[PDB]
Structure formats: structure tokens, C-alpha cells
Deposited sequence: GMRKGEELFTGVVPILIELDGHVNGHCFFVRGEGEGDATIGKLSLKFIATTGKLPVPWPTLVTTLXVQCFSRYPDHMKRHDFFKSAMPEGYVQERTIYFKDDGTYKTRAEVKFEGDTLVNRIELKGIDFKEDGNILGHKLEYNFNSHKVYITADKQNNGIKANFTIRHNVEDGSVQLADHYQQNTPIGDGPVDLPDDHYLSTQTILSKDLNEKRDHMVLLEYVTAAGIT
């Protein structure tokens, strides 16, 4: 149960509420996810206008439940087990030599649609740094999301470090710390240590005048 909800294409809605150094923005996302192949397709819109932060910083924050979990690994899929009731996702993202994001998100089914609603607060960002000041290349590298059971929280923790390309040639690191807890009262799947290999392509809709991001992503589970 919960597995069944992802056999096939599921519609997605993402809403992001962001406050960074007294700036504010709202991102809205739509698209489809297909967990049997591990594919997300999504168009994001800055409803509140030109962003204060580069879109790539928002990628990890802007539905890991669409992750593809192979047949032998299926008992380790915590994300889909929390469904439909869903789960909570909290992150602390440390931008090396820069500010940090704190995020809280709820991911649950709402009728037909898989919804991810997020709150993000960003403190201590250098203005004219890589993040404020927009020095990041419009792209995304491949990453492994290391997942570990968190038994006393009835959820999971995750670690990874995002490599953001800087326009001058250097890299900007972003240490992710992650925590996921169910919204309901169980029972829930708790996995052996493993990780999610992810690949991502950021593009633009050529017809679209609003500040925005089109994203296509592939995620498969591995390590067992």
C-alpha cells in the first residue's frame, strides 16, 4: 500500500515560500512524475518576479517519492510508504563560505495530485557572493543522496553535498543535511543504508516571459 499510488504517471504541484536576507519570493511548480522509471518533468515559475537567488540553489528543495526503487530494493522505499498520508522533509543547507537555507516541507497526496509545500528561510548570505549576486552557471551536476534509517524518529536522515558551477570556473559547495518523518501514525518502511543516484537537466521554456526553470530529472536507488 502506498506503492500502488505510483504505478504510472502522477501529477505534481510544488509551492515554495522563501525568505532570504529580507528578500522574499514564491515559486510554483507543475508537472508529472513517474517512479517506475524515476523521472520528473517540471516547469517552475517565479510568481513574485525575478529571484533574489539563483534557481539551481532551489533545485534540491523544489518529491523524492518519485525516486525509482528497483524490485529487490522495494522494501527500502521510505518515501512511498509514508503515502498517501505523506511525510515531512526538513533540511539545513550550508553554503560553504556563504549563508545557509533552512527548509521545511510537507509532501502528501491531495486528491489526484502529489503536492510538495515548502518553507525556506535563508540567513547570512553575503550580498555580491555567489548566491546573492547570481554567479552560478545555469546547470546541474550528478549527485548521490546518502540515506540512513532514523529509527527513533520513525523516519530517515540523508547527507550529500551539491556541486554548483560558478561562472568564473570555481565550484560552490552546498552541504545538505536532511530529515524525513511521516505525517501519519505508521507503520512505515525503514531502509538499510543506501543512496539515490540523481541526474538533472535545467533548461528554459522559450515561450515563457516570466522568470522560470524547466527541469528534467532522473533518480534511481542503489547501494544494496
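**Student:** Tell me, which runs of residues in the deposited sequence have no coordinates at all?
**Tutor:** Missing CA coords at 1 to 3, 66, 229.
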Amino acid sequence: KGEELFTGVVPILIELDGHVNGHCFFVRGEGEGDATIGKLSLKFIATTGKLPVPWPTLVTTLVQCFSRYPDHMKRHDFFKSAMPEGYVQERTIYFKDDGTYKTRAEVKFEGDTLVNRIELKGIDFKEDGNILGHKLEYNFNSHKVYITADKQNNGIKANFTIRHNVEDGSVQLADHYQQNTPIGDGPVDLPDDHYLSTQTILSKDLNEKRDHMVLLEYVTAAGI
From here on, numbers count along this sequence of modelled residues.
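**Student:** Among the other entries of this protein that were compared (only those with both neighbours built), does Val188 lack coordinates in at least a third?
**Tutor:** It is, since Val188 is left out of at least a third of the other entries that model both flanking stretches.
**Student:** Should the higher mean CA B-factor in the entry be assigned to 149 to 157 or to 98 to 106?
**Tutor:** For C-alpha atoms only, the mean B-factor is higher in 149 to 157.
**Student:** Can you tell me which stretch has the higher mean Cα B-factor, 178 to 186 or 40 to 48?
**Tutor:** The deposited B-factors put 178 to 186 ahead on the C-alpha mean.
**Student:** Looking at the temperature factor on the CA atom of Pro70, which third of the chain's modelled residues does it land in?
**Tutor:** According to the entry, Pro70 has a C-alpha B-factor in the chain's highest third.
**Student:** Mind checking which third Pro191 falls in for C-alpha B-factor across the chain?
**Tutor:** Ranked within chain, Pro191 CA B lands in the highest tercile.
**Student:** Compare the C-alpha B factor of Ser81 with those of the other modelled residues in its chain, then answer lowest, middle or highest third.
**Tutor:** Middle third.
**Student:** Among all modelled residues of this chain, ranked by Cα B factor, put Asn139 in the bottom, middle or top third, i.e. lowest, middle or highest.
**Tutor:** Lowest third, going by the recorded CA B-factors of the chain.
**Student:** Once the chain's modelled residues are ordered by C-alpha B factor and cut into thirds, is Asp124 in the lowest, middle or highest one?
**Tutor:** It falls in the middle third of the chain.
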